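Summary of the model geometry
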Amino acid sequence: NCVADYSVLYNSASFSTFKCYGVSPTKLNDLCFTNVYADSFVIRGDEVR
Amino acid sequence: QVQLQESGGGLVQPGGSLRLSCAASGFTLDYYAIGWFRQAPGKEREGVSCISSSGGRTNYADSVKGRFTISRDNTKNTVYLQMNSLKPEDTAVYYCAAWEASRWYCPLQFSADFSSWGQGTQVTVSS
């Protein structure tokens, strides 16, 4: 129930991995989705993969 | 499969020269802006120099201003850091990293987060 401008995130480089599977880093702003879910945690470097 | 490899380091005499080659496999390095980084033993990671994805914008550090030169070969998927008039202060392991534009404006003199960190090569200057 909101508008999200993902171009703010992808074009800010306060990020390391934009590992998007099923979508391209630049296309999220163009598409509409039913409901989005967010999860968060802190991990180590080599385990990111 | 996104790999960055640092090739071209070694032990050099002060006042000499050396060339570094950053190799990318599994992805297109042309779409990524590259910036070299150094972390000497006992020193924090300070920015060497940054070059944009198109190569038309270049960043440099005042500690190596006029001595370190950056060029990229997007056709060969490689970015080169040419070093001249070396000093013992440059004895550090060197990493090349890829990341996108962090803000408006073309130059990338402002540091930001870096995605792909390579294995790194240690370049030693001592004589």
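cryo-EM is the method the PDB entry lists for this structure, together with a resolution of 3.4 Å.

1. Examining the overall build of chain B
Looking only at helices and strands, one finds zero helices and 10 strands in chain B. Taken from N to C terminus, the helices and strands of chain B fall in the order β-β-β-β-β-β-β-β-β-β. Here the C-alpha radius of gyration of chain B, 14 Å, is about what a compact globule of 127 residues would show, namely 14 Å. For the C-alpha atoms alone, the extent of chain B along its principal axes is close to 40 × 30 × 25 Å. Residues classed as buried in chain B amount to 44% of the 127 residues present.

2. Some thoughts on the overall build of chain A
Each helix and strand in chain A was counted, giving one helix and zero strands. Across its three principal directions, the C-alpha atoms of chain A cover 35 × 20 × 20 Å. Of all 49 residues assigned to chain A, the portion counted as buried reaches 6%. Accessible area of chain A: about 4700 Å², with a carbon and sulfur share of 53%. Across chain A, 4 positive and 5 negative side-chain charges occur, with their mean positions spaced 9 Å apart.

About the criteria used
- Residues numbered from 1 in each chain as written, not as in the entry; some residues may be left out.
- Chains lettered and ligands numbered in written order.
- Part of a larger assembly, values for the part shown.
- Heavy atoms only, no water.
- Helix = DSSP H or I, 4+ residues; strand = E, 2+ residues; numbered from the N terminus.
- Rg over C-alpha atoms; globule rule 2.2 N^0.38 Å.
- Buried < 20%, exposed > 50% of the residue type's maximum accessible area, 1.4 Å probe, protein only.
- Areas by Shrake-Rupley, 256 points an atom, 1.4 Å probe, with all protein chains shown as cover.
- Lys, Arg positive; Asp, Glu negative; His and termini not counted.
- Charge placed at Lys NZ, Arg CZ, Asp CG, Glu CD.

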